[PDB]
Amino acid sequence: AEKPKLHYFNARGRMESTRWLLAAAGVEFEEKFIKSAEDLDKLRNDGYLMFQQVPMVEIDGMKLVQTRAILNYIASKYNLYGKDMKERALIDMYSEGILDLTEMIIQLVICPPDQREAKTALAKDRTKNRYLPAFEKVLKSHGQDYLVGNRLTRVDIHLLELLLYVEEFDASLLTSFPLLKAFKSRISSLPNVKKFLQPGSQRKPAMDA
């Protein structure tokens, strides 16, 4: 149809979850990366970032900014936002937890090394004692293939993405969570997901800058 246009840096950052979500829906997208501060300025001065911030995604004729507005729109567009408002309630709740933990991990490489260590022991604690139990349970509470409504939703993709970053951050943390482990392989082998895990894709590595 039309190709969405991701305006971000050449990094994971706040844009990766949208790349993932677009990828899982089988939606090809292009990116204009931002390397020069003038690019960001040329975007600001041209009236493209409502709050003068990236991420920003051109899609169906909008200059959508703010991560969550992007993710919600894409998810509704390609029926990754569930069946009804009660399922979106489960989806939003799950996604927001996933976001909290992700934010905690990606920010460890940013904080003062003053506190790297204890904030690291925090993320690991939260990973193993709060968030992973919470989603291991959800899979065990209903014993189904997906998080919500027994069919693929945006939050399955979010969780897989998080499971990938947990493994990077510390692969040991996953071993006491069997369903998530089964869930990870299940979702990883969905066609559009497998395609995105493949080398050469728009998927982004952990940056060092």
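The first residue of the sequence shown is number 1, and the count goes up from there.
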| item | value |
| --- | --- |
| Residue stretch of maximal mean CA temperature factor, 68-76 vs 132-140 | 132-140 |
| Per the entry, higher mean C-alpha B factor between 151-159 and 170-178 | 170-178 |
| Relative C-alpha B-factor of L90, binned into the chain's lowest, middle or highest third | lowest |
| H7 - which third its CA temperature factor falls in, relative to the rest of the chain | middle |
| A118 CA temperature factor, ranked by third within the chain | highest |
| Ranked C-alpha temperature factor of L101 among modelled chain residues, by third | middle |
| Record-listed C-alpha B factor of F33: chain third | highest |
